[PDB]
Amino acid sequence: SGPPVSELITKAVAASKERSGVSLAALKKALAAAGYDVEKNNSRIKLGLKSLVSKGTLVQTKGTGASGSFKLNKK
DNA sequence: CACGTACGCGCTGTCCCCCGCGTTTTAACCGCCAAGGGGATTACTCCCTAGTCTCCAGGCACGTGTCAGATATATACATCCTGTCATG
Numbered sequence: 035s036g037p038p039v040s041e042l043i044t045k046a047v048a049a050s051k052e053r054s055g056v057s058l059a060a061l062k063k064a065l066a067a068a069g070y071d072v073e074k075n076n077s078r079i080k081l082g083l084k085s086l087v088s089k090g091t092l093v094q095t096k097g098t099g100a101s102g103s104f105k106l107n108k109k
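Those letters in the first sequence? Residues 35 to 109, by the deposited numbering.
Below, the structure is given as structure tokens:
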């Protein structure tokens, strides 16, 4: 069970906060380094990485959907 | 060996498109029949060319010898990275 993976993905994206945002590749490598499965739950991450762009907590920098770069909200 | 910039591509995102299904049409298929065109076969007679003795002729073997381009040296651009400034 454990906590839902939204908190895990927020820790993964808040770990670095590069000026050019994290790729989907680098964030799933961070989640795999954390230990969360990224191979069978990649549909769950696939929907989560656009749900988080949609709800406004995180904004997408340069890519589209779950592609490209990502950064935190202004406030 | 070592600094450095770019490369493959992973994964979604998002448009895009082409098979699945099904129907409708239509001429392909079938199958049936008429007819003749030349493929093929036989005949005939004619071209046509390899060979050969010989005879002569040019092209390679070989030597050489002399200037076109290799080599070398001094110049000019290329160009590409670097440096600098206006602007969204």
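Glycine residues also receive a C-beta, built at the ideal position from the N, C-alpha and C atoms.
Buried or exposed by the 16-neighbour rule on C-beta atoms within 10 Å, applied to residue i
i: residue 47; result: buried
i: residue 56; result: buried
i: residue 64; result: buried
i: residue 92; result: buried
i: residue 81; result: exposed
Nearest neighbour of residue i, chosen from the options [CA to CA]
i: residue 60; options: 107, 100, 88; result: 100
Three-state class that DSSP yields for residue i in the structure shown
i: residue 105; result: strand
i: residue 28; result: Nothing can be reported for residue 28, as the shown portion of the chain is limited to 35 through 109.
i: residue 48; result: helix
Those residues which DSSP pairs with residue i across a bridge
i: residue 93; result: 105
Residue i versus residue j: straight-line alpha-carbon distance, rounded
i: residue 79; j: residue 62; result: 9 Å
i: residue 96; j: residue 105; result: 9 Å
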